[PDB]
Amino acid sequence: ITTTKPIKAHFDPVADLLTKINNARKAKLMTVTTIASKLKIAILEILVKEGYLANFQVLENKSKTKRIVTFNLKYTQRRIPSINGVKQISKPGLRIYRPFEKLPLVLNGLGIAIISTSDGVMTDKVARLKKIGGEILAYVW
Amino acid sequence: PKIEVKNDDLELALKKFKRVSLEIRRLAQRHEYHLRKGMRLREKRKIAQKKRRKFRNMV
Amino acid sequence: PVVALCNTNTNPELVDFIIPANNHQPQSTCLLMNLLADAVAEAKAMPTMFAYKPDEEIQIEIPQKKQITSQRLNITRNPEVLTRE
Amino acid sequence: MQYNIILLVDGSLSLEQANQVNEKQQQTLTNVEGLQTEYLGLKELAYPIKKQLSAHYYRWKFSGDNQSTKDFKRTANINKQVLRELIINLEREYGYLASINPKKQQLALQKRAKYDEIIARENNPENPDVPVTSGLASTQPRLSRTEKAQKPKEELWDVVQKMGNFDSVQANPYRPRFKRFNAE
Amino acid sequence: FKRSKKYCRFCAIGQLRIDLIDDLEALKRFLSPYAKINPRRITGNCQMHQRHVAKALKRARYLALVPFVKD
Amino acid sequence: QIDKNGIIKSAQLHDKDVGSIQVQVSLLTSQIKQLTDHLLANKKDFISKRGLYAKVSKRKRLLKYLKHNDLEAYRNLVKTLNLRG
RNA sequence: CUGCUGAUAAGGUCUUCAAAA
RNA sequence: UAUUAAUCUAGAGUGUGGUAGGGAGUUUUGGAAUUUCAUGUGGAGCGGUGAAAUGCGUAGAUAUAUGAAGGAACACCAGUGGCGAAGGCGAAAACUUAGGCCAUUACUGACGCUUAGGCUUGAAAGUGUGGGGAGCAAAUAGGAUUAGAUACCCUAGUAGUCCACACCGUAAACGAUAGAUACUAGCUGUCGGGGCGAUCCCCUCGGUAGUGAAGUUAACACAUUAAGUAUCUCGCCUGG
Ligand SMILES: [Mg+2]
Ligand SMILES: [Mg+2]
Ligand SMILES: [Mg+2]
Ligand SMILES: [Mg+2]
Ligand SMILES: [Mg+2]
Ligand SMILES: [Mg+2]
Ligand SMILES: [Mg+2]
Ligand SMILES: [Mg+2]
Ligand SMILES: [Mg+2]
Ligand SMILES: [Mg+2]
Ligand SMILES: [Mg+2]
Ligand SMILES: [Mg+2]
Ligand SMILES: [Mg+2]
Ligand SMILES: [Mg+2]
Ligand SMILES: [Zn+2]
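Residues numbered from 1 in each chain as written, not as in the entry; some residues may be left out. Chains lettered and ligands numbered in written order. Part of a larger assembly, values for the part shown. Heavy atoms only, no water.

- Chain E appears in the PDB entry as 30S ribosomal protein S18 from Mycoplasmoides pneumoniae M129.
- As deposited in the PDB, this entry carries the title "Mycoplasma pneumoniae small ribosomal subunit in chloramphenicol-treated cells".
- Recorded in UniProt for chain E, the comment headed Function runs: "Binds as a heterodimer with protein bS6 to the central domain of the 16S rRNA, where it helps stabilize the platform of the 30S subunit."
- We quote the UniProt Subunit comment for chain E here in full: "Part of the 30S ribosomal subunit. Forms a tight heterodimer with protein bS6." (UniProt positions renumbered as here; feature names shortened; annotations may be inferred.)

- The name recorded for chain B in the PDB entry is 30S ribosomal protein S21, from Mycoplasmoides pneumoniae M129.

This is the structure in C-alpha cells:
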C-alpha cells in the first residue's frame with residue numbers, strides 16, 4: 001500500500017491511539033494511520049477481538065526500518081460508531097497499578113478495561129478469570 | 001505643486017488646484033498637533049482602513 | 001417526510017429523500033418536478049407526462065428572458081459587515 | 001566582495017576630471033581587482049549641491065576585500081573636486097542571489113522574448129489589435145504545468161500483519177429512514 | 001470609469017534586479033509629478049518590486065538624479 | 001566569516017562525515033571565538049549576546065552527551081580542543 | 001462649531017397561593 | 001516503567017543547494033521644516049480666542065528673497081504588510097553580526113520538551129558624571145473663564161526630551177490566552193521559498209488575516225495560528 005502524507009505520532013503510545021480514535025469517532029472519519037509500536041499492536045489486536053474496530057493492518061517500509069499501523073473503525077449502516085468514549089488511566093508520570101482485588105469494572109461490564117498484566121494486554125473479564133492483575137492502560141466503552 | 005493655467009480657461013486650474021490643496025492640507029493638518037507614536041500609528045491605520053473600505057465598496 | 005432537490009449547498013441531514021440535482025437550471029428543475037408529479041399522477045391514475053416516455057415526448061425548451069451558463073456570480077454584493085470605530 | 005562606486009565630480013573640464021578620477025582610483029583601493037570605469041557623462045543634477053549645477057558621473061566596477069573602502073571614503077570628502085560618492089556593495093542589494101542564479105537568467109530572457117512578442121502584437125503597425133490582451137488573464141492553464149507537475153515521494157509500505165479485513169463497504173450515508181407508508 | 005491594466009511591469013519583464021543606471025527613465029514614470037513615490041494603486045507593481053523600486057529611487061535621490069519636492 | 005570547510009576537514013573523524021558531534025562542537029568553538037571577539041568590540045549588541053549564550057549552551061549540552069556516551073572520545077575531544085577551563 | 005452649565009437628608013410598601021374546578 | 005549491553009531513523013541537530021527580510025551594534029553622508037543671526041524691499045499692525053486679554057511691533061514687527069549656524073525627528077514609499085523571544089525596528093551607505101523558510105539519494109544516531117534556583121535582555125518616566133540644547137514642555141509667572149480655578153484656553157518657561165558611560169527593572173510589558181507534541185469540515189485573501197514558464201492564474205511547503213460546521217463555553221465568543229480531543233513540564237488562584 002502506498003501513502004503520500006508524512007506520518008507522525010505522540011511519545012505516549014496509549015493516549016496517542018486514544019486521541020486518534022476519539023477524534024476519528026467525533027469527526028465520523030473511518031480510516032486512520034499511526035506509527036506502529038508493539039504495545040499499540042497488541043492493544044489493537046484486543047480491540048479487534050472485542051469488536052470495537054473493523055480491521056487493523058500493520059505495514060513495513062521497503063527497507064524494513066519503519067513500521068506503521070493503519071486501522072478502521074466499525075460504523076453501522078446509519079453511520080454511528082461502536083465506540084462511545086475513551087479514557088486513559090496509566091498516564092505518564094502517574095502510573096496506575098491495581099491488584100486483582102481492585103480490578104475495575106467499566107460501565108457495569110458494558111465496556112472493557114485494557115490491562116497489561118504479564119502476558120501482554122488483557123481484557124478485564126479474562127484478567128478476572130486468570131485471577132491476576134497489573135498495569136491498567138485505558139478505559140474503552 | 002505647480003499647476004499651469006494654460007491661459008485657455010481658469011475654472012480648470014481651480015478644479016485641479018482644489019485637489020492639490022486637499023491632499024496638501026491633509027498632511028499640513030497632520031503635522032500640527034503632537035500625538036504619541038502609537039496614537040499616530042493608530043490614526044494612520046484608521047485612515048488606511050477607511051480608504052480601503054471605500055475603495056472596496058466603490059470597486 | 002420531506003424530499004428535495006439538493007444542489008451541493010444543502011445540509012444532507014435535514015432532507016430524508018435526497019435527490020442530488022440542479023436547482024439553477026430551469027430545464028433540470030422542470031424535468032425533476034414533472035417527474036415527481038408524474039409519480040403522483042400515475043398513483044392517482046391519469047396518463048403520465050414525463051416518466052416512462054421517449055425522447056420525442058420528454059424533450060423541452062429553454063425559457064427566454066453557446067451553452068447555458070450555470071455559473072454563480074455577483075460576489076461583489078457581499079461586503080464586510082458595517083464595523084470600525 | 002564585488003563593489004560599485006558612483007563618483008560625482010565637479011564640472012570644470014572633461015580631461016581634467018578624467019585625471020582626477022584616475023588619481024582617486026590609483027591613490028585608494030588598497031587591495032583591488034581590475035578597476036573598470038565608465039562615464040555616465042555631464043548631467044545637470046537635480047538639486048544644487050556644493051553650489052554646482054553640472055557634474056561628471058563615473059561608475060567603478062572594481063572588486064576586492066573589505067579594507068578597500070576606508071581610505072577612499074575618508075579621502076573623498078577631503079577632496080574638494082568630488083561632490084558625492086556611493087559604494088553600493090552589490091552582494092547586499094535587493095536581489096543578487098537571483099541575478100547570479102543561472103536558471104533565472106535564462107527564464108528572464110525567455111520572458112523578455114515572449115513579452116516583446118506580446119507588445120509587438122498589441123502595437124501592431126496599422127491593422128487593429130482586437131484582443132488588447134496584456135493586463136488581462138490568459139487562456140486555459142499551461143499543459144506544461146499539467147504534465148511536468150511534481151510527484152510527491154509516495155513511500156511504499158509492505159503488508160506484514162492483517163486481522164478483520166473483509167472490505168464490507170457501507171457507503172450508504174443519509175439513507176432514507178421511512179420505507180413505506182401504511183395505515184393503522 | 002477606470003482601467004484594469006494595473007500589472008507589475010517588472011513581473012512580466014522578469015527583470016529580477018533593479019539598477020538605477022539601467023532603467024533610470026523607468027523610475028521617473030513611477031515618481032509623481034511632484035517628485036514623490038506613487039503608491040501601489042497608481043504604480044502597479046507588486047509589493048516586492050515596489051519595495052525594490054522605492055529603495056532604488058531613494059538611492060538615486062541621494063545621488064541627486066531626480067529632485068525632492070519640485071518637478 | 002570562518003572557513004567552515006577548513007574547520008570541518010580538520011575536525012572530521014572520517015570522510016563524508018560532516019555532521020558528527022565532534023565537528024559540531026569544533027564549529028561551535030570557532031563561532032564562540034568569533035562572537036566573543038565581536039561582542040567585546042561592540043558591547044551594546046544584545047542579539048549577538050543572546051546568540052552567543054545559545055551557542056555556549058548548545059556546546060555544553062553536546063559535550064554532556066558525548067561524556068555520557070563514549071567517554072574516551074570525550075577525553076580525546078577535550079584534549080584536542082582545550083575548551084575546558 | 002465649539003461661553004458657562006454645580007448639587008438633590010434617612011428607612012421603607014406592593015404579591016397573597018394553586019391545592020382545583 | 002527503571003538499569004545495563006547493543007542496533008535503526010522517523011524526533012532534534014550538522015553539512016551542501018536555493019532565499020526573503022525597517023533583526024542588532026559601530027562609523028560616515030543627505031534633504032525638507034522650525035528657530036536664531038546677517039543683508040535687501042515694506043510700512044501698521046502681528047499673535048491669540050467661544051470672545052478677548054497678557055505678549056511681540058515706528059529701536060521698522062508679520063510678510064517676502066538670499067545666506068550662515070546648530071539641534072531633533074526621518075513626508076511620499078507605508079500596506080484588508082515584513083522581521084525578532086519580548087520591549088522594539090521605516091532618509092542613504094559601509095563594516096561587524098543574529099535568527100528564520102524551502103528541497104535534501106549526505107552525516108551524527110534520541111543528542112529532545114519543560115525548567116525550581118541562576119544568568120541575559122527589558123517602552124516611558126527617574127538617578128549620577130560629562131557634553132548638547134532647534135522645537136516641545138512637568139514645576140513656575142501672568143492673562144482669561146469661573147461662585148472659587150492651585151484645571152480645561154492663551155502668552156512666556158527650568159528640569160526633561162538628545163549623545164557617551166554607569167544604574168533603576170516597572171507598564172492595559174495585552175492575543176488580558178506559558179511552552180512542546182499528535183489528531184479534527186470547509187470557503188475567501190495576502191506574504192516567502194519550490195514546480196511550470198509573459199503578467200495574471202494552477203499545485204506543494206510554511207508565515208500572517210477574515211468567514212465558518214462538528215466540538216467547547218455561564219454567555220460573549222474560540223473554532224486547524226483553538227478557548228476542541230489528550231499527554232508532559234513550569235508558574236499561579238482559593239470571598240470583599
Ligand atoms: Mg517507549
Ligand atoms: Mg496620553
Ligand atoms: Mg456664563
Ligand atoms: Mg455639598
Ligand atoms: Mg530663508
Ligand atoms: Mg528615558
Ligand atoms: Mg498663578
Ligand atoms: Mg467646565
Ligand atoms: Mg508657548
Ligand atoms: Mg533634576
Ligand atoms: Mg506587573
Ligand atoms: Mg506593547
Ligand atoms: Mg469567529
Ligand atoms: Mg481575608
Ligand atoms: Zn512584481
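Here the narrative resumes, following the displayed structure.
## Regarding empty space enclosed by the protein
Okay, step 1: Its volume calculated, the largest cavity comes out at about 140 Å³.
Okay, step 2: Taken together, 13 residues form the lining of the largest cavity, with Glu 93 of chain D together with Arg 17, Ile 18, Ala 56 and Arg 59 of chain E sitting closest to its centre.
Okay, step 3: Of the pockets and cavities examined, the second largest cavity occupies roughly 40 Å³.
Okay, step 4: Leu 8, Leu 45, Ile 49, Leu 83 and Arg 84 of chain D together with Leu 63 and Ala 64 of chain E together form the lining of the second largest cavity.
Okay, step 5: When the residues that make up the lining of the second largest cavity are grouped by side-chain class, the tally is six nonpolar, no polar and one charged. (1 Å grid on protein atoms, 1.4 Å probe; cavity = no way out; pocket = protein on both sides within 12 Å on 5 of 7 lines; lining within 4 Å. Points joined across faces, edges and corners; volume = space filled by probe spheres on them. Nonpolar A, V, L, I, M, F, W, Y, C, P; charged D, E, K, R; others polar.)

## Thoughts on the layout of surface pockets
Okay, step 1: Each pocket or cavity is described by its volume, and for the largest pocket that value is around 2,300 Å³.
Okay, step 2: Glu 23 and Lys 51 of chain B together with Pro 39, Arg 41 and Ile 42 of chain E are the residues nearest the centre of the largest pocket, which is lined by 38 residues in total.
Okay, step 3: For the lining of the largest pocket, the elements supplying multiple residues, two or more each, are α1 (11-30) and α2 (37-58) of chain B together with α3 (40-43) of chain E.
Okay, step 4: Ranked by residue count, the leading element in the lining of the largest pocket is α1 of chain B, at ten residues.
Okay, step 5: Of the residues that constitute the lining of the largest pocket, the class distribution is 17 nonpolar, five polar and 16 charged.
Okay, step 6: In this structure, the second largest pocket spans a volume of roughly 890 Å³.
Okay, step 7: Lining the second largest pocket are 23 residues, with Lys 114, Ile 118, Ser 134, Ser 138 and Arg 142 of chain D sitting closest to its centre. (Helix = DSSP H or I, 4+ residues; strand = E, 2+ residues; numbered from the N terminus.)

## Some remarks on the protein's contact with RNA strand H
Okay, step 1: Neighbouring RNA strand H are 107 residues, the closest being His 10 of chain A, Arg 92 and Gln 110 of chain D together with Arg 51 and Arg 59 of chain E.
Okay, step 2: In RNA strand H, atoms within 4 Å of the protein come from the sugar-phosphate backbone in 70% of cases.
Okay, step 3: Contact between RNA strand H and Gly 19 of chain F: a base nitrogen at 2.9 Å from a main-chain N or O atom of the residue.
Okay, step 4: Residue classes in the surface near RNA strand H are distributed as 40 nonpolar, 28 polar and 39 charged. (Near = heavy atom within 4 Å. Polar contact = N/O pair within 3.5 Å; in protein donor to acceptor, adjacent residues only side chain to side chain.)

## What about the packing of aromatic side chains?
Okay, step 1: The full count for this structure, using the stated rule, is five aromatic pairs over all chains.
Okay, step 2: Taking 5.3 Å as the distance between ring centres and 90° as the angle between the ring planes, the aromatic pair formed by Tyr 47 of chain D and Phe 68 of chain E counts as edge-to-face. Of this pair, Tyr 47 of chain D sits in the loop between β2 (41-43) and β3 (55-60) while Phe 68 of chain E sits in the segment after α4 (47-62), each in a different chain.
Okay, step 3: With relative accessibility at 19%, the residue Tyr 47 of chain D sits in the buried group.
Okay, step 4: When the ring centre of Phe 68 of chain E is taken as origin, the NZ or CZ atom of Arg 61 of chain E, which lies over that ring, is 5.4 Å away. (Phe/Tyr/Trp six-rings, centres within 6.5 Å; stacked < 30°, edge-to-face > 60°. Buried < 20%, exposed > 50% of the residue type's maximum accessible area, 1.4 Å probe, protein only. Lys NZ or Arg CZ within 6 Å of the ring centre and 35° of its normal.)

## Describing the packing of helix α2 (residues 21-42) of chain F against helix α3 (residues 46-68) of chain F
All names here are of chain F.
Okay, step 1: One way to put it is that α2 packs onto α3 with a least axis distance of 10 Å and a crossing angle of 150°. The angle between the axes of α2 and α3 places the two elements in the roughly antiparallel class. As α2 packs across α3, the resulting crossing turns out to be left-handed. The residues of α3 that touch α2, namely those facing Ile 21, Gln 22, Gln 24, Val 25, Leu 28, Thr 29, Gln 31, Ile 32, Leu 35, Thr 36, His 38 and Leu 39, are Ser 48, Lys 49, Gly 51, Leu 52, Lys 55, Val 56, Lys 58, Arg 59, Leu 62, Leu 63, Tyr 65 and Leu 66.
Okay, step 2: For the contact of α2 with α3, a count of residues per class yields twelve nonpolar, eight polar and four charged. (Axes fitted to C-alpha atoms, helices over the stretch in contact; angles between N-to-C directions. Parallel < 35°, antiparallel > 145°, perpendicular 65-115°, else oblique. Left-handed = near helix turned anticlockwise from the far one by under 90°. Contact = heavy atoms within 4.5 Å.)

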